[PDB]
file data27.txt (compact mmCIF, C-alpha atoms)
# COMPACT_ATOMS: atom_id res chain seq x y z
CA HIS A 6 -64.07 -80.81 -13.09
CA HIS A 7 -61.39 -82.26 -10.78
CA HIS A 8 -60.53 -84.31 -7.77
CA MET A 9 -58.37 -82.03 -5.62
CA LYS A 10 -55.27 -83.71 -4.19
CA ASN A 11 -53.16 -82.38 -1.33
CA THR A 12 -49.41 -82.79 -2.13
CA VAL A 13 -46.44 -82.46 0.28
CA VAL A 14 -42.79 -81.70 -0.40
CA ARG A 15 -40.57 -83.29 2.23
CA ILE A 16 -36.93 -82.52 2.71
CA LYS A 17 -33.97 -83.93 4.64
CA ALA A 18 -30.45 -82.49 4.91
CA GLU A 19 -27.41 -82.81 7.11
CA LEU A 20 -26.69 -79.59 9.00
CA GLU A 21 -23.47 -78.00 10.09
CA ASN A 22 -23.74 -74.90 12.27
CA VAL A 23 -27.16 -74.02 10.79
CA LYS A 24 -30.07 -72.87 12.93
CA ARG A 25 -32.62 -72.91 10.13
CA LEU A 26 -32.93 -73.20 6.40
CA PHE A 27 -35.99 -71.47 4.98
CA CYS A 28 -37.41 -69.45 2.15
CA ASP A 29 -39.54 -66.33 1.68
CA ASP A 30 -42.35 -65.12 -0.62
CA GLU A 31 -39.84 -64.59 -3.43
CA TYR A 32 -39.01 -68.29 -3.41
CA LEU A 33 -39.18 -69.75 -6.91
CA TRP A 34 -41.09 -73.08 -6.96
CA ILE A 35 -39.98 -75.33 -9.84
CA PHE A 36 -41.57 -78.64 -10.79
CA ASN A 37 -42.00 -81.13 -13.43
CA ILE A 38 -45.72 -81.87 -13.71
CA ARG A 39 -48.14 -84.21 -15.45
CA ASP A 40 -51.77 -84.06 -16.44
CA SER A 41 -53.72 -86.10 -13.90
CA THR A 42 -56.11 -87.14 -16.68
CA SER A 43 -53.73 -87.78 -19.65
CA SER A 44 -50.14 -88.58 -20.70
CA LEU A 45 -49.22 -84.87 -21.12
CA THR A 46 -46.32 -83.45 -19.06
CA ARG A 47 -44.74 -80.03 -18.59
CA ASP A 48 -41.13 -79.58 -17.35
CA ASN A 49 -39.76 -76.73 -15.29
CA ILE A 50 -42.88 -74.83 -14.48
CA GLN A 51 -42.10 -71.91 -12.26
CA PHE A 52 -44.21 -69.97 -9.77
CA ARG A 53 -44.27 -68.07 -6.47
CA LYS A 54 -46.78 -68.43 -3.61
CA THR A 55 -47.72 -64.75 -4.13
CA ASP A 56 -48.73 -65.18 -7.79
CA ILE A 57 -52.45 -64.39 -8.32
CA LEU A 58 -54.26 -66.09 -11.22
CA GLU A 59 -58.03 -65.75 -11.46
CA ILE A 60 -59.66 -69.09 -12.31
CA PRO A 61 -62.40 -69.03 -14.98
CA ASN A 62 -65.84 -70.10 -13.71
CA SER A 63 -64.63 -69.84 -10.16
CA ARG A 64 -64.28 -67.06 -7.58
CA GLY A 65 -60.98 -68.60 -6.47
CA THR A 66 -57.43 -67.89 -7.54
CA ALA A 67 -54.30 -70.01 -8.21
CA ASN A 68 -50.52 -69.61 -8.07
CA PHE A 69 -50.16 -71.78 -11.20
CA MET A 70 -52.58 -72.79 -13.94
CA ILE A 71 -52.58 -74.78 -17.16
CA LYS A 72 -55.18 -75.64 -19.76
CA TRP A 73 -53.83 -79.05 -20.78
CA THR A 74 -55.90 -79.35 -23.95
CA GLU A 75 -58.24 -77.46 -26.33
CA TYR A 76 -61.10 -78.51 -24.01
CA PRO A 77 -62.35 -76.12 -21.38
CA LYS A 78 -60.87 -77.56 -18.18
CA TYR A 79 -58.31 -75.50 -16.23
CA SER A 80 -55.83 -77.20 -13.91
CA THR A 81 -54.29 -75.45 -10.92
CA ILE A 82 -51.67 -75.47 -8.14
CA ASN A 83 -52.00 -73.47 -4.93
CA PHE A 84 -49.38 -73.27 -2.19
CA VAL A 85 -51.07 -73.95 1.11
CA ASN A 86 -50.17 -71.66 3.99
CA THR A 87 -49.38 -73.86 7.04
CA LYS A 88 -47.63 -72.42 10.08
CA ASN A 89 -43.86 -72.86 10.13
CA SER A 90 -44.16 -74.00 6.54
CA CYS A 91 -40.93 -73.75 4.59
CA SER A 92 -38.54 -74.07 7.54
CA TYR A 93 -36.04 -76.82 8.51
CA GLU A 94 -34.32 -76.38 11.80
CA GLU A 95 -31.31 -77.66 13.74
CA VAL A 96 -33.50 -80.07 15.67
CA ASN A 97 -34.58 -81.75 12.39
CA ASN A 98 -30.98 -82.41 11.46
CA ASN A 99 -30.90 -85.46 9.17
CA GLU A 100 -34.61 -86.21 9.61
CA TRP A 101 -37.32 -86.11 6.94
CA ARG A 102 -39.71 -83.20 7.43
CA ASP A 103 -42.72 -81.71 5.66
CA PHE A 104 -41.54 -78.53 4.01
CA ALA A 105 -44.44 -77.24 1.90
CA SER A 106 -47.91 -78.41 0.88
CA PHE A 107 -49.84 -77.77 -2.37
CA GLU A 108 -53.42 -78.23 -3.54
CA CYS A 109 -53.37 -79.57 -7.02
CA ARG A 110 -56.48 -79.89 -9.20
CA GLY A 111 -55.88 -81.61 -12.53
CA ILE A 112 -52.13 -81.69 -11.99
CA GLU A 113 -49.56 -84.12 -10.45
CA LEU A 114 -46.28 -82.83 -9.02
CA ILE A 115 -43.68 -85.29 -10.35
CA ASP A 116 -40.23 -83.78 -9.70
CA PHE A 117 -39.23 -80.88 -7.46
CA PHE A 118 -36.20 -78.72 -8.14
CA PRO A 119 -34.74 -76.69 -5.31
CA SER A 120 -33.83 -73.27 -6.55
CA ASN A 121 -31.28 -70.75 -5.30
CA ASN A 122 -33.36 -68.36 -3.28
CA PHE A 123 -33.05 -70.16 0.06
CA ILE A 124 -32.14 -68.26 3.19
CA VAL A 125 -29.98 -69.67 5.95
CA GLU A 126 -29.45 -68.44 9.50
CA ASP A 127 -26.42 -69.96 11.26
CA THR A 128 -26.17 -70.72 14.98
CA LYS A 129 -24.43 -67.35 15.56
CA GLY A 130 -27.46 -65.66 14.03
CA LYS A 131 -26.13 -64.32 10.72
CA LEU A 132 -28.14 -64.74 7.57
CA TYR A 133 -27.09 -65.98 4.16
CA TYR A 134 -29.06 -65.13 1.06
CA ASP A 135 -29.24 -66.53 -2.44
CA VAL A 136 -28.40 -69.91 -0.88
CA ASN A 137 -28.11 -72.27 -3.82
CA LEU A 138 -29.36 -75.78 -3.28
CA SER A 139 -30.04 -76.75 -6.86
CA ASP A 140 -26.90 -78.94 -6.51
CA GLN A 141 -28.17 -80.21 -3.11
CA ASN A 142 -25.20 -78.88 -1.10
CA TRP A 143 -24.08 -75.51 0.21
CA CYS A 144 -21.58 -74.01 2.57
CA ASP A 145 -20.23 -70.68 3.70
CA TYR A 146 -17.84 -69.48 6.42
CA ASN A 147 -18.68 -67.22 9.32
CA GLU A 148 -15.64 -64.92 9.33
CA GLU A 149 -16.84 -63.21 12.54
CA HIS A 150 -16.61 -66.41 14.59
CA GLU A 151 -14.38 -68.38 12.16
CA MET A 152 -17.08 -71.02 11.63
CA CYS A 153 -17.98 -73.31 8.75
CA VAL A 154 -21.70 -73.38 7.97
CA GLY A 155 -23.04 -76.10 5.67
CA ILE A 156 -26.00 -77.95 4.24
CA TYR A 157 -25.16 -81.39 2.90
CA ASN A 158 -26.82 -84.18 1.04
CA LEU A 159 -30.11 -82.33 0.52
CA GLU A 160 -32.80 -84.89 -0.20
CA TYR A 161 -36.45 -84.39 -0.99
CA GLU A 162 -39.60 -86.05 -2.15
CA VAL A 163 -43.03 -85.05 -3.43
CA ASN A 164 -45.94 -87.27 -2.34
CA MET B 9 -38.56 -49.82 -26.40
CA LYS B 10 -41.38 -51.17 -28.59
CA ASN B 11 -44.52 -53.21 -27.97
CA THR B 12 -44.93 -56.62 -29.57
CA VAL B 13 -48.26 -56.70 -31.43
CA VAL B 14 -50.61 -59.54 -32.37
CA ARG B 15 -52.32 -58.70 -35.67
CA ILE B 16 -55.17 -60.62 -37.19
CA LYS B 17 -57.25 -60.73 -40.34
CA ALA B 18 -60.50 -62.61 -41.15
CA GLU B 19 -63.50 -62.87 -43.43
CA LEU B 20 -66.57 -62.04 -41.41
CA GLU B 21 -70.14 -62.89 -42.19
CA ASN B 22 -72.83 -60.87 -40.30
CA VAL B 23 -70.41 -60.05 -37.48
CA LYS B 24 -70.48 -56.65 -35.81
CA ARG B 25 -67.34 -57.40 -33.81
CA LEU B 26 -65.02 -60.18 -32.76
CA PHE B 27 -63.60 -59.42 -29.38
CA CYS B 28 -62.42 -60.89 -26.08
CA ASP B 29 -62.50 -60.03 -22.42
CA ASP B 30 -60.53 -60.47 -19.22
CA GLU B 31 -60.85 -64.28 -19.26
CA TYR B 32 -59.20 -64.65 -22.68
CA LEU B 33 -56.28 -67.04 -22.63
CA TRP B 34 -53.18 -65.75 -24.33
CA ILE B 35 -51.13 -68.56 -25.79
CA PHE B 36 -47.64 -68.14 -27.22
CA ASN B 37 -44.35 -69.82 -28.08
CA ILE B 38 -41.56 -67.61 -26.91
CA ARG B 39 -37.83 -67.24 -27.05
CA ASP B 40 -35.14 -65.70 -24.85
CA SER B 41 -34.19 -62.34 -26.34
CA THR B 42 -30.53 -63.11 -25.47
CA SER B 43 -30.11 -66.84 -26.28
CA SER B 44 -31.42 -69.81 -28.25
CA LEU B 45 -33.70 -70.90 -25.37
CA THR B 46 -37.39 -71.21 -26.08
CA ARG B 47 -40.58 -72.09 -24.29
CA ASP B 48 -43.69 -73.32 -26.09
CA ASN B 49 -47.29 -73.00 -25.13
CA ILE B 50 -47.02 -70.44 -22.26
CA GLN B 51 -50.45 -69.30 -21.11
CA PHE B 52 -51.68 -66.18 -19.33
CA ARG B 53 -54.52 -63.72 -18.89
CA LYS B 54 -54.20 -59.95 -18.92
CA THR B 55 -55.42 -59.93 -15.33
CA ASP B 56 -52.64 -62.23 -13.96
CA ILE B 57 -50.58 -60.52 -11.27
CA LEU B 58 -47.02 -61.68 -10.74
CA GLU B 59 -44.72 -59.51 -8.68
CA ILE B 60 -41.55 -58.46 -10.48
CA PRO B 61 -38.41 -58.36 -8.34
CA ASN B 62 -36.76 -54.98 -8.20
CA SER B 63 -39.89 -53.17 -9.25
CA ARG B 64 -43.34 -52.03 -8.09
CA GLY B 65 -44.67 -53.37 -11.34
CA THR B 66 -46.42 -56.64 -11.93
CA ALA B 67 -46.37 -58.86 -14.97
CA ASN B 68 -48.92 -61.24 -16.51
CA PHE B 69 -46.17 -63.68 -17.35
CA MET B 70 -42.64 -64.29 -16.24
CA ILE B 71 -39.80 -66.64 -16.60
CA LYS B 72 -36.33 -67.08 -15.20
CA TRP B 73 -34.50 -68.47 -18.25
CA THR B 74 -31.29 -69.64 -16.50
CA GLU B 75 -30.04 -69.78 -12.92
CA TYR B 76 -28.73 -66.23 -13.32
CA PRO B 77 -30.86 -64.04 -10.97
CA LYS B 78 -32.89 -62.26 -13.66
CA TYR B 79 -36.56 -62.49 -14.65
CA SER B 80 -38.05 -61.81 -18.05
CA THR B 81 -41.62 -60.67 -18.51
CA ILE B 82 -44.71 -60.18 -20.62
CA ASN B 83 -47.42 -57.66 -19.78
CA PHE B 84 -50.58 -56.94 -21.77
CA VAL B 85 -50.68 -53.29 -22.84
CA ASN B 86 -54.03 -51.52 -23.10
CA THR B 87 -54.28 -49.58 -26.42
CA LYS B 88 -57.03 -47.96 -28.41
CA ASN B 89 -59.86 -50.36 -29.33
CA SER B 90 -57.68 -53.31 -28.36
CA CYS B 91 -59.02 -56.84 -28.57
CA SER B 92 -61.78 -55.97 -30.98
CA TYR B 93 -61.94 -56.64 -34.72
CA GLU B 94 -64.87 -54.94 -36.48
CA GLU B 95 -67.07 -55.12 -39.53
CA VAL B 96 -65.55 -52.00 -40.97
CA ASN B 97 -62.14 -53.77 -41.23
CA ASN B 98 -63.44 -57.02 -42.72
CA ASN B 99 -60.69 -58.89 -44.57
CA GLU B 100 -58.00 -56.41 -43.47
CA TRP B 101 -54.96 -56.85 -41.16
CA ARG B 102 -55.49 -55.06 -37.83
CA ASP B 103 -53.57 -54.74 -34.59
CA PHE B 104 -55.50 -56.80 -32.08
CA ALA B 105 -53.39 -56.71 -28.94
CA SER B 106 -50.11 -55.28 -27.60
CA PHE B 107 -47.53 -56.63 -25.18
CA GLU B 108 -44.61 -55.14 -23.38
CA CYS B 109 -41.92 -57.87 -23.43
CA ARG B 110 -38.66 -57.73 -21.47
CA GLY B 111 -36.12 -60.49 -22.02
CA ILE B 112 -38.69 -62.36 -24.11
CA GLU B 113 -39.55 -62.44 -27.80
CA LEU B 114 -43.04 -63.70 -28.84
CA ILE B 115 -42.52 -66.09 -31.76
CA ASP B 116 -45.92 -67.80 -32.35
CA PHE B 117 -49.46 -66.90 -31.36
CA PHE B 118 -52.30 -69.46 -30.87
CA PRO B 119 -55.86 -68.18 -30.88
CA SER B 120 -57.79 -69.83 -28.04
CA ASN B 121 -61.50 -70.73 -27.64
CA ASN B 122 -62.85 -67.98 -25.47
CA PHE B 123 -63.41 -65.21 -28.04
CA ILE B 124 -66.72 -63.37 -28.11
CA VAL B 125 -68.74 -62.31 -31.14
CA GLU B 126 -71.50 -59.79 -31.51
CA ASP B 127 -73.52 -60.35 -34.63
CA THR B 128 -74.96 -57.55 -36.73
CA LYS B 129 -78.37 -58.07 -35.18
CA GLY B 130 -77.07 -57.49 -31.62
CA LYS B 131 -76.68 -61.15 -30.54
CA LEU B 132 -73.65 -62.34 -28.48
CA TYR B 133 -71.91 -65.67 -28.75
CA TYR B 134 -69.56 -66.75 -26.00
CA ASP B 135 -66.77 -69.41 -26.00
CA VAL B 136 -66.05 -68.73 -29.64
CA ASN B 137 -63.51 -71.25 -30.66
CA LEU B 138 -61.08 -70.08 -33.32
CA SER B 139 -58.20 -72.28 -32.34
CA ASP B 140 -58.95 -74.05 -35.70
CA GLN B 141 -59.27 -70.65 -37.49
CA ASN B 142 -62.97 -70.83 -38.38
CA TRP B 143 -66.23 -70.50 -36.53
CA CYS B 144 -69.85 -70.11 -37.33
CA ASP B 145 -73.17 -70.08 -35.62
CA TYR B 146 -76.69 -68.93 -36.52
CA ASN B 147 -79.15 -66.23 -35.47
CA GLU B 148 -82.53 -68.01 -35.28
CA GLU B 149 -84.73 -64.97 -34.65
CA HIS B 150 -83.27 -63.21 -37.67
CA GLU B 151 -82.64 -66.34 -39.75
CA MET B 152 -79.03 -65.38 -40.47
CA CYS B 153 -75.71 -67.17 -40.72
CA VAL B 154 -72.90 -65.67 -38.70
CA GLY B 155 -69.25 -66.56 -39.17
CA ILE B 156 -65.47 -65.97 -39.10
CA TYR B 157 -63.53 -67.78 -41.78
CA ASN B 158 -59.85 -68.26 -42.56
CA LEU B 159 -58.56 -66.36 -39.57
CA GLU B 160 -54.95 -65.32 -40.12
CA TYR B 161 -52.61 -63.94 -37.51
CA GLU B 162 -49.06 -63.02 -36.71
CA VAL B 163 -47.13 -61.54 -33.81
CA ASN B 164 -44.00 -59.39 -33.89

call {"tool": "encode", "arguments": {"input": "data27.txt", "output": "structure tokens"}}
result
Amino acid sequence: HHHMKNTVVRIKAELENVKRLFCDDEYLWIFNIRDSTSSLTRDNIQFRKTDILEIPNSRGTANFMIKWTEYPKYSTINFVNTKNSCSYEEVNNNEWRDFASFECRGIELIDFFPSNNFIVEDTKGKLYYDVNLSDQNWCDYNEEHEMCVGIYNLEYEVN
Amino acid sequence: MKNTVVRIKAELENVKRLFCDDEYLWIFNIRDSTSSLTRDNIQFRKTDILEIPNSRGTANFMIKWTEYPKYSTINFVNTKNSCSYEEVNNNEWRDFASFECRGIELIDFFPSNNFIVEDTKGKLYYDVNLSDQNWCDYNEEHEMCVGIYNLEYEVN
């Protein structure tokens, strides 16, 4: 019923005193999507890589599904586990880097929206939670070592 | 705390029961229980497993309505004879399915096309499409017309 496409989210950000930016299983993926076979679109779909949806007439499962029309075709997204997926590190400072891949069947990822469940470790090893990058920028201060920690000009693309 | 309930009513011809199974696609328009925000045409099955933060429980549907760290949920609730509408209650309103909703109000229901019917002679019909509120088919062996007409429905 589909051609399956593999789709990558790439990010780039300028790093100050950050060892890695990353996310966990709780991370909330947010996209605007489109039907790969029609003009239909859906904004702000939300899902996690742990979500388990059983696909009809298949033994497989999906993290996100949609039945675009009254006809009996189901369209799916699955997060693809790759090793060191979902991590951006000091060494990648200001360079584009593959962040996460998805198998999409019947669906095109149009727009990605970073959420606010990122995690940051700084170079002194302390962790920051609920890191909000929906506005593409974030900083905090390490009081222990009196150190600014920042993520600037967050850029991304979905291809 | 109360369940939200989808009720239906139809005219049956030679139908033992109208029912649905695990694969049935629940379709709703919904609203934030605390704001004017809405979401149309959400879709789930009763078997969907989404992990709810701050609980061991899972949900069949969830949504984060705003950037405030708080998730709202729908879960199918099993109840007596749920998801089955029978000959004995022909042309009557009956509770068809129940839903535990947290942070979400169900506003509109949309019957889908994967209902099942058992006719009064034992025959089963799959992929029964009532999204347009009427369905019929025919039992050849027994030469009888089988149908569901003027389906009506509500959720609250």

call {"tool": "residues_around", "arguments": {"input": "data27.txt", "residues": "residue 20 of chain B", "least_positions_apart": "3", "cutoff": "6 Å", "atoms": "all atoms listed in the file", "output": "VMD selection string"}}
result
chain B and resid 23 155 to 156

call {"tool": "closest_atom_pairs", "arguments": {"input": "data27.txt", "of": "chain A", "to": "chain B", "cutoff": "8 Å", "atoms": "all atoms listed in the file", "output": "Markdown table"}}
result
| residue | atom | partner | partner_atom | distance |
| --- | --- | --- | --- | --- |
| A:51 | CA | B:71 | CA | 7.2 |
| A:55 | CA | B:58 | CA | 7.3 |
| A:56 | CA | B:58 | CA | 4.9 |
| A:57 | CA | B:57 | CA | 5.2 |
| A:58 | CA | B:56 | CA | 5.0 |
| A:59 | CA | B:56 | CA | 6.9 |
| A:61 | CA | B:31 | CA | 6.6 |
| A:71 | CA | B:51 | CA | 7.1 |
| A:75 | CA | B:121 | CA | 7.6 |
| A:121 | CA | B:75 | CA | 7.8 |

call {"tool": "residues_near_point", "arguments": {"input": "data27.txt", "point": "(-56.1, -88.3, -14.8)", "cutoff": "9 Å", "atoms": "only C-alpha atoms", "output": "MDAnalysis selection string"}}
result
chainID A and resid 7 39:44 111:113

call {"tool": "write_last_selection", "arguments": {"input": "data27.txt", "atoms": "C-alpha atoms", "output": "mmCIF file, in the coordinates of the input"}}
result
data_model
loop_
_atom_site.group_PDB
_atom_site.id
_atom_site.type_symbol
_atom_site.label_atom_id
_atom_site.label_comp_id
_atom_site.auth_asym_id
_atom_site.auth_seq_id
_atom_site.Cartn_x
_atom_site.Cartn_y
_atom_site.Cartn_z
ATOM 1 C CA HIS A 7 -61.390 -82.260 -10.780
ATOM 2 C CA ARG A 39 -48.140 -84.210 -15.450
ATOM 3 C CA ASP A 40 -51.770 -84.060 -16.440
ATOM 4 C CA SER A 41 -53.720 -86.100 -13.900
ATOM 5 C CA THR A 42 -56.110 -87.140 -16.680
ATOM 6 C CA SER A 43 -53.730 -87.780 -19.650
ATOM 7 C CA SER A 44 -50.140 -88.580 -20.700
ATOM 8 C CA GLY A 111 -55.880 -81.610 -12.530
ATOM 9 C CA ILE A 112 -52.130 -81.690 -11.990
ATOM 10 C CA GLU A 113 -49.560 -84.120 -10.450
#

call {"tool": "residues_around", "arguments": {"input": "data27.txt", "residues": "segment 138-149 of chain A", "least_positions_apart": "2", "cutoff": "6 Å", "atoms": "all atoms listed in the file", "output": "list in words"}}
result
residues 119, 120, 121, 151, 152, 153, 154, 155, 156, 157, 158 and 159 of chain A

call {"tool": "residues_around", "arguments": {"input": "data27.txt", "residues": "residue 97 of chain A", "least_positions_apart": "5", "cutoff": "9 Å", "atoms": "only C-alpha atoms", "output": "PyMOL selection string"}}
result
chain A and resi 17-20+102

call {"tool": "atom_distance", "arguments": {"input": "data27.txt", "atom1": "atom CA of residue 78 of chain A", "atom2": "atom CA of residue 46 of chain A"}}
result
15.7 Å

call {"tool": "residues_around", "arguments": {"input": "data27.txt", "residues": "segment 125-133 of chain B", "least_positions_apart": "6", "cutoff": "9 Å", "atoms": "only C-alpha atoms", "output": "NGL selection string"}}
result
:B and (21-28 or 95 or 145 or 147 or 150 or 154-155)

call {"tool": "write_last_selection", "arguments": {"input": "data27.txt", "atoms": "C-alpha atoms", "output": "mmCIF file, keeping the file's coordinate frame"}}
result
data_model
loop_
_atom_site.group_PDB
_atom_site.id
_atom_site.type_symbol
_atom_site.label_atom_id
_atom_site.label_comp_id
_atom_site.auth_asym_id
_atom_site.auth_seq_id
_atom_site.Cartn_x
_atom_site.Cartn_y
_atom_site.Cartn_z
ATOM 1 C CA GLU B 21 -70.140 -62.890 -42.190
ATOM 2 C CA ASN B 22 -72.830 -60.870 -40.300
ATOM 3 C CA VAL B 23 -70.410 -60.050 -37.480
ATOM 4 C CA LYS B 24 -70.480 -56.650 -35.810
ATOM 5 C CA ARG B 25 -67.340 -57.400 -33.810
ATOM 6 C CA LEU B 26 -65.020 -60.180 -32.760
ATOM 7 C CA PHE B 27 -63.600 -59.420 -29.380
ATOM 8 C CA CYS B 28 -62.420 -60.890 -26.080
ATOM 9 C CA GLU B 95 -67.070 -55.120 -39.530
ATOM 10 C CA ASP B 145 -73.170 -70.080 -35.620
ATOM 11 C CA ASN B 147 -79.150 -66.230 -35.470
ATOM 12 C CA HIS B 150 -83.270 -63.210 -37.670
ATOM 13 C CA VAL B 154 -72.900 -65.670 -38.700
ATOM 14 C CA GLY B 155 -69.250 -66.560 -39.170
#

call {"tool": "closest_residue", "arguments": {"input": "data27.txt", "among": "A:132, A:124, A:38, A:96", "to": "residue 82 of chain A", "atoms": "all atoms listed in the file"}}
result
A:38

call {"tool": "decode", "arguments": {"input": "data27.txt", "residues": "segment 89-145 of chain B", "atoms": "C-alpha atoms", "output": "PDB file, in the first residue's frame"}}
result
ATOM      1  CA  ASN B  89     -21.388  -5.979  26.747  1.00  0.00           C
ATOM      2  CA  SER B  90     -19.427  -3.037  25.375  1.00  0.00           C
ATOM      3  CA  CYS B  91     -19.116  -2.519  21.634  1.00  0.00           C
ATOM      4  CA  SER B  92     -22.112  -4.637  20.787  1.00  0.00           C
ATOM      5  CA  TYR B  93     -25.581  -3.479  19.747  1.00  0.00           C
ATOM      6  CA  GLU B  94     -28.168  -6.283  19.598  1.00  0.00           C
ATOM      7  CA  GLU B  95     -31.454  -7.279  18.044  1.00  0.00           C
ATOM      8  CA  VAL B  96     -33.241  -7.022  21.348  1.00  0.00           C
ATOM      9  CA  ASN B  97     -32.483  -3.245  21.475  1.00  0.00           C
ATOM     10  CA  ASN B  98     -33.449  -2.487  17.874  1.00  0.00           C
ATOM     11  CA  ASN B  99     -34.328   1.197  17.418  1.00  0.00           C
ATOM     12  CA  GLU B 100     -33.322   2.070  21.005  1.00  0.00           C
ATOM     13  CA  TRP B 101     -30.455   4.243  22.353  1.00  0.00           C
ATOM     14  CA  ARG B 102     -27.743   2.106  23.976  1.00  0.00           C
ATOM     15  CA  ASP B 103     -24.352   2.747  25.525  1.00  0.00           C
ATOM     16  CA  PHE B 104     -21.853   1.380  23.052  1.00  0.00           C
ATOM     17  CA  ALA B 105     -18.473   2.313  24.481  1.00  0.00           C
ATOM     18  CA  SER B 106     -16.906   4.099  27.474  1.00  0.00           C
ATOM     19  CA  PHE B 107     -13.830   6.279  27.817  1.00  0.00           C
ATOM     20  CA  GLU B 108     -11.888   7.615  30.727  1.00  0.00           C
ATOM     21  CA  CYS B 109     -10.863  11.157  29.694  1.00  0.00           C
ATOM     22  CA  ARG B 110      -8.429  13.358  31.617  1.00  0.00           C
ATOM     23  CA  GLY B 111      -7.897  16.913  30.426  1.00  0.00           C
ATOM     24  CA  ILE B 112      -9.965  16.129  27.329  1.00  0.00           C
ATOM     25  CA  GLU B 113     -13.643  16.399  26.466  1.00  0.00           C
ATOM     26  CA  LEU B 114     -15.004  14.269  23.550  1.00  0.00           C
ATOM     27  CA  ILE B 115     -17.197  16.569  21.440  1.00  0.00           C
ATOM     28  CA  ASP B 116     -18.003  14.602  18.228  1.00  0.00           C
ATOM     29  CA  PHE B 117     -17.887  10.919  17.361  1.00  0.00           C
ATOM     30  CA  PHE B 118     -17.388   9.532  13.805  1.00  0.00           C
ATOM     31  CA  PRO B 119     -18.307   5.927  13.155  1.00  0.00           C
ATOM     32  CA  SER B 120     -15.582   4.287  11.071  1.00  0.00           C
ATOM     33  CA  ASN B 121     -15.677   1.433   8.507  1.00  0.00           C
ATOM     34  CA  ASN B 122     -14.432  -1.536  10.439  1.00  0.00           C
ATOM     35  CA  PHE B 123     -17.594  -2.593  12.291  1.00  0.00           C
ATOM     36  CA  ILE B 124     -18.652  -6.234  12.251  1.00  0.00           C
ATOM     37  CA  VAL B 125     -22.158  -7.636  11.862  1.00  0.00           C
ATOM     38  CA  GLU B 126     -23.554 -11.035  12.640  1.00  0.00           C
ATOM     39  CA  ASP B 127     -26.796 -11.680  10.846  1.00  0.00           C
ATOM     40  CA  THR B 128     -29.677 -13.625  12.352  1.00  0.00           C
ATOM     41  CA  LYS B 129     -28.689 -16.705  10.377  1.00  0.00           C
ATOM     42  CA  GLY B 130     -25.168 -16.793  11.879  1.00  0.00           C
ATOM     43  CA  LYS B 131     -23.264 -15.077   9.020  1.00  0.00           C
ATOM     44  CA  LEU B 132     -20.482 -12.500   9.696  1.00  0.00           C
ATOM     45  CA  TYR B 133     -19.716  -9.438   7.638  1.00  0.00           C
ATOM     46  CA  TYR B 134     -16.418  -7.669   8.144  1.00  0.00           C
ATOM     47  CA  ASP B 135     -15.340  -4.085   7.215  1.00  0.00           C
ATOM     48  CA  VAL B 136     -18.845  -2.823   7.787  1.00  0.00           C
ATOM     49  CA  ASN B 137     -18.827   0.753   6.763  1.00  0.00           C
ATOM     50  CA  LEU B 138     -21.188   2.982   8.700  1.00  0.00           C
ATOM     51  CA  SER B 139     -19.256   6.181   8.315  1.00  0.00           C
ATOM     52  CA  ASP B 140     -22.229   7.223   6.071  1.00  0.00           C
ATOM     53  CA  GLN B 141     -24.741   5.885   8.672  1.00  0.00           C
ATOM     54  CA  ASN B 142     -26.226   3.045   6.600  1.00  0.00           C
ATOM     55  CA  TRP B 143     -25.103  -0.362   5.473  1.00  0.00           C
ATOM     56  CA  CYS B 144     -26.617  -3.411   3.942  1.00  0.00           C
ATOM     57  CA  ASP B 145     -25.576  -6.699   2.511  1.00  0.00           C
TER      58      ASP B 145
END
